[PDB]
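Participant: structure for the following, please:
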Amino acid sequence: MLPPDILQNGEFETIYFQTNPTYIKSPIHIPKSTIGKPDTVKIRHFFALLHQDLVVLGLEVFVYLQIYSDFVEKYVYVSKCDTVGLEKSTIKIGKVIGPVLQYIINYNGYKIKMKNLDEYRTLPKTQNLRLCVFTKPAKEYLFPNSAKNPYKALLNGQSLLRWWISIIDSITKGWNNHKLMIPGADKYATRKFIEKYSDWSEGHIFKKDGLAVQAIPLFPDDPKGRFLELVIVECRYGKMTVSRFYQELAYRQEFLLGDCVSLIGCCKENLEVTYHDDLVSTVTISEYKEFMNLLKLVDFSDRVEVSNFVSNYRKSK
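Facilitator: Numbers count the residues shown, from 1 in each chain. There you are, the coordinates:
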């Protein structure tokens, strides 16, 4: 998952676990009319890098498997990425985040139970990959109270976007498309971010026509998803088209008052995958939520609190 130059013989340690794969309702609304409906399986991934007894950084990624008869629509959604900054950086963050995210994208060792027909399922070998990332500069995505730490780098929106583009480009070499949208920015403004990236273009990866709710996935804690929720609760889901959704997304407070809030999607079509067991720690969703709730109670400006959080986790293993 990580190269030896980084871990350095136990100088650095990793936390990494997945939830047990869990059937959910599709994040993209499928009409009951639509027959051939996929089963949806979600897996949460949490990764953190440790330096000695302190947390360095963390990454949360959700994977959604739209399982059809002969293929899988696989969506990889970056939920949160954050740093602590209690100690001087000795590693370029991207050179951890990149490889971890690539590992998660390519992971295909899920132990998926059979769907209750009203001992593990075998997935189709054909997979179409979708990578979905939003960029929004927020001081503390994962590590409360860390924005005050001496060595925490706080990128503005434009810098954060450039950073994400460079990471994503490096782990999506050869993919079918790489799309960037900056809602409310004009075509020339968006295109300077990708002028040096020959494989990138303006727009989004989802179905272009029809109702937005039948095209755009609703991901948790996603600025895009927050507007999709409003369209659904206000029962405008029947009328709102994809194009009108993205037009109106530009005027939401989160975008129009935000700092270069951006939406990235990349696709790779018709990939032949071989399912390979890769033994990693798996947890129930309650265990996962328990860990995340402990995390949001830690003062990450306090080495004492961070070090106990880590030792307590080392005890849990």
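Participant: then stretch 204-220 to PDB, C-alphas only?
Facilitator: Extracted as PDB, the C-alpha positions of stretch 204-220 are listed here (Å, rounded to 0.1, in the frame of the first residue of the first chain):
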ATOM      1  CA  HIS A 204     -18.700  16.100 -15.400                       C
ATOM      2  CA  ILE A 205     -18.800  12.300 -15.800                       C
ATOM      3  CA  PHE A 206     -22.500  11.600 -15.300                       C
ATOM      4  CA  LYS A 207     -25.300  11.200 -17.700                       C
ATOM      5  CA  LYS A 208     -25.900  14.400 -19.500                       C
ATOM      6  CA  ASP A 209     -29.600  14.500 -20.100                       C
ATOM      7  CA  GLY A 210     -32.700  13.500 -18.200                       C
ATOM      8  CA  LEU A 211     -33.600  14.100 -14.600                       C
ATOM      9  CA  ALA A 212     -30.700  15.000 -12.400                       C
ATOM     10  CA  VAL A 213     -31.800  12.600  -9.600                       C
ATOM     11  CA  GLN A 214     -31.500   9.700 -12.100                       C
ATOM     12  CA  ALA A 215     -28.000  10.700 -13.200                       C
ATOM     13  CA  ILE A 216     -26.100  12.200 -10.300                       C
ATOM     14  CA  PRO A 217     -25.100  10.100  -7.200                       C
ATOM     15  CA  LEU A 218     -26.000  11.500  -3.800                       C
ATOM     16  CA  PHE A 219     -22.900  11.000  -1.700                       C
ATOM     17  CA  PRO A 220     -22.800  11.800   2.100                       C
END
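Participant: so what touches it?
Facilitator: 27-31, 62, 64, 75, 77, 79, 130, 132, 177, 179, 181, 224-225, 228-229, 231-232, 237-246, 263, 265-267 (CB atoms under 8 Å, 6 or more residues apart in numbering). To be clear about C-beta, it is placed using only N, CA and C from the backbone, and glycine gets the same treatment.
Participant: for residue 263, give me its contacts.
Facilitator: Contacts of residue 263 (CB under 8 Å, 6+ apart): 133-135, 180-183, 204, 224.
Participant: just put those in a markdown table and tack on neighbour count.
Facilitator: Below are these laid out as a markdown table (neighbours: other CB atoms under 10 Å):
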| residue | neighbour count |
| --- | --- |
| 133 | 22 |
| 134 | 21 |
| 135 | 25 |
| 180 | 25 |
| 181 | 20 |
| 182 | 23 |
| 183 | 23 |
| 204 | 21 |
| 224 | 24 |
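Participant: narrow those residues to those in helices?
Facilitator: residue 224 (DSSP state H).
Participant: turn the contacts of residue 263 into JSON lines, columns for distance to residue 15.
Facilitator: What follows is the contacts of residue 263, written out as JSON lines (distance: CB to CB, whole Å):
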{"residue": "133", "distance to residue 15": "21"}
{"residue": "134", "distance to residue 15": "24"}
{"residue": "135", "distance to residue 15": "24"}
{"residue": "180", "distance to residue 15": "31"}
{"residue": "181", "distance to residue 15": "33"}
{"residue": "182", "distance to residue 15": "33"}
{"residue": "183", "distance to residue 15": "34"}
{"residue": "204", "distance to residue 15": "33"}
{"residue": "224", "distance to residue 15": "28"}
